[PDB]
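Here you get one chain, nothing else, as structure tokens; it is the form deposited in one PDB entry.
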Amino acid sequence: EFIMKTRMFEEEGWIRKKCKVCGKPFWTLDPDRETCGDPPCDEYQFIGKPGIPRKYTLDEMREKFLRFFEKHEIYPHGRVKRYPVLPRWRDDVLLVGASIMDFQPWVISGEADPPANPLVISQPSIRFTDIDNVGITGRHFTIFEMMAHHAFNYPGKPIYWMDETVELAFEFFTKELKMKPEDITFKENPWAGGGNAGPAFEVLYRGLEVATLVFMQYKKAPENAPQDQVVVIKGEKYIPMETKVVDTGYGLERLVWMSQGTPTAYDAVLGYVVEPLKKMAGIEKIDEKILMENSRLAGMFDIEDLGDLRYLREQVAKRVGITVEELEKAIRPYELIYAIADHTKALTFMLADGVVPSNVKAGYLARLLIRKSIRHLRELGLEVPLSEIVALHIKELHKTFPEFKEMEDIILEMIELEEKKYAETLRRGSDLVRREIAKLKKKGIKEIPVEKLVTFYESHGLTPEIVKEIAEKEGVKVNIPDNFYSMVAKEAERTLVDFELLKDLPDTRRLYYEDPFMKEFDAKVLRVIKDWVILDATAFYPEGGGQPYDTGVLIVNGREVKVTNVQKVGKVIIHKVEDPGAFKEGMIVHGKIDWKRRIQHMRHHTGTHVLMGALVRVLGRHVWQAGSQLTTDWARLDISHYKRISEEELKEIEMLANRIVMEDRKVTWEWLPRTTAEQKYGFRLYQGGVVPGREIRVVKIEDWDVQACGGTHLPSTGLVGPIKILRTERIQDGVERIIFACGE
């Protein structure tokens, strides 16, 4: 269905074939190749025999890639600093799972400018879909770096496309990495990621997929899309888009593994943790071919799709010449070490980038990794705090990722607190599940359902091997599924008046953006739906961003009519009035805002921002808004935070906030293109979540705080008056609330 002929293929003698095993199309220079180069059609050929002629570390390979694209003489790329693994710019995914997620939805739609075009990036990426594979297959990670060159071809502005992408890829592999040209295949296989899809190549070499080259030209299909949708790859329905995006992904770890030829990718990437762990646990060397064969055979073996690891192990057992029991005995301590090594690295990135362990979203996933790793350490017989293993990653990685050093105290404390609380969680959970298990076998069935085992973790915090040893006392039957953690992880993703009657009306001019001190204005009545009056312009603030609506009056024919509620539907502002019959279309009215109410809201709104700057400085840079609500008399600010705020801390925060009020710092706002705002201020802009639009309204307190914000603010901090913190309290794991009052 997709034509993927290129200039390079045509000019350089590449032959399109159909793989004799999987039937997929692939391109090769090798006249005797009949298979695509992808397991199980081909096998890993580089283990014990590096396919790249010189060895590379992570730092070397990453820089090799970045520099190649950056300094390219024909297609120079702008080097872009990696994004946090927490996608502050979007509300639809939990974690960055690919480099392209940095540029969705805003860059791809054309709502944001690309940071550079074309660009090159090495993006730390996290995926939980293969978590049970980690340590088991020799190749799977939860945390990895996807190196990428991206080009955003908006209509009318071509950058580069399919021809140049295959050439750049081939040039990097053959000229920079000295890989054998005829061993490289381009397998046609459509791809998708984070809302978009298109035709793609898998670039295969010595049995390993070393890159994916995706030509994104489709977007997630809207509900009830007509005749021509295209079904691709996982997600089904898509429709064409005008913008064509080059979406590449080169696995840093895989390329390093290709250069090392070690039994597992973990030995090539995580030796600095794997080897101390071996030594600490006193794990003796085992037969090297056990690891090698397992990795090789695992190339052909998925487990997250079918529960057949048992057969992978029967295969590697026969190959090695031992039984499955003695195989399990030998390899198990290594699987445990590999998982610990990987999980502690994932956590280093996650917590450094602002993930707070909790029972929700990405915090839920961090907590999952922490608990799994602690349980792995116990099975190894290793009595070491997890924070000590996390510390080994900070030590190794902080020179490339300075943020790890800067956040180290907080990262290690978060790990320590999670561990020390988990011991408590495990006592209470063990009894509650013992009672439930005893009650289930008392009257009903003595079998543990897979869903109840999932419920056991995410309700009582206990891992399935703990459940089974309590259960096999009375009321037996374990059956821990091979994909237990993959299923537990997927749990983290668990999810005024009318319209079309105001689609025809133009945008309400927002006079409150023109002057926050405007309290009176004249305007024309455009529409009266029920008791909602729509004006062409208004100084009435519509409820949003934690700030309640303005109230006041509209004066019509001398008569005063109360405005009791103000909302926004799309871009049209609606005013609730006590006497709608008084208002007719075309009528010009005088508006009067309840000023006491407005100014009290403004004091708490700007005061919230003053407080935010104080919170970040006292508590740490993981502090981020989880929620906000203002009233006339008080405000609340909810923040992601990992412990109770002590009374002394509260006073430190209060002193700092009031110091800034006393300094009377300027508070300013302006509209900026979103990528321009992001590159200048960072992702801290997105406190209240992510705001749509080509341009975002940025509210800045000089040298203190900056947020994308649509509220009414005071022009200086002195006008807030005293800030008095009344209360701190926990809302849930990972969320602390501060209640405060602003003004004399």
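The numbering used is simple: start at 1 and walk along the sequence shown. Think of the rigid core as the biggest set of C-alphas that the two forms share within 1.5 Å after superposition.
- request: Indicate whether the chain is continuous between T495 and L496 or, if not, how many deposited residues are absent from the coordinates: none, 1 to 3, 4 to 9, or 10 or more.
  value: Missing residues, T495 to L496: 4 to 9.
Handout entry: Between 112-120 and 334-342 (mean CA B-factor, as deposited), the higher
Key = Taking the mean B-factor of the alpha carbons in each, 334-342 is higher.
Per the record, averaged over C-alpha atoms, which has the higher B-factor: 513-521 or 657-665? Looking at the record's C-alpha B-factors, the answer is 513-521.
Among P50, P692, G711, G718, where is the Cα temperature factor highest, going by the PDB entry? Highest C-alpha B-factor among the listed residues goes to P692.
Which is it among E171, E304, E648, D550: the one with the largest CA B-factor in the entry?
Most elevated C-alpha B-factor of the set, per the entry: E304.
Split the chain's modelled residues into thirds by Cα B-factor; is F540 in the lowest, middle or highest one? Middle third - that is where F540 ends up once the chain's C-alpha B-factors are sorted.
| Mind checking which third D308 falls in for C-alpha B-factor across the chain? | Highest third of the chain for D308's C-alpha B-factor.
Third of the chain, ranked by Cα B-factor, where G688 sits: Within its chain, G688 is a highest-third residue by C-alpha B-factor, going by the deposited values.
query = Ranked by Cα temperature factor within the chain, is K372 in the lowest third, the middle third or the highest third?
reply = Tercile = middle for this residue's CA B-factor.
**Ranked against its chain, the third holding the CA B-factor of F404** = CA B-factor rank for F404: middle third.
Below: the form deposited in another entry, not depicted.
- prompt: If you fit the two forms on their rigid core, which residue out of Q567, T262, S295, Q625 shows a CA shift of at least 2 Å between the shown form and the other one?
  reply: Of all the options, the C-alpha that shifts by at least 2 Å belongs to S295.
C-alpha of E34 off by 2 Å or more between the shown form and the other one on rigid core: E34: C-alpha displaced by 2 Å or more between the shown form and the other one.
- prompt: After the core is overlaid between the shown form and the other one, has the C-alpha of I15 moved by 2 angstroms or more?
  reply: Yes.
Notebook entry, point to check: Once everything's superposed on the core, is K651 shifted 2 Å or more at the Cα between the shown form and the other one?
Noted result: No, shifts by less than 2 Å.
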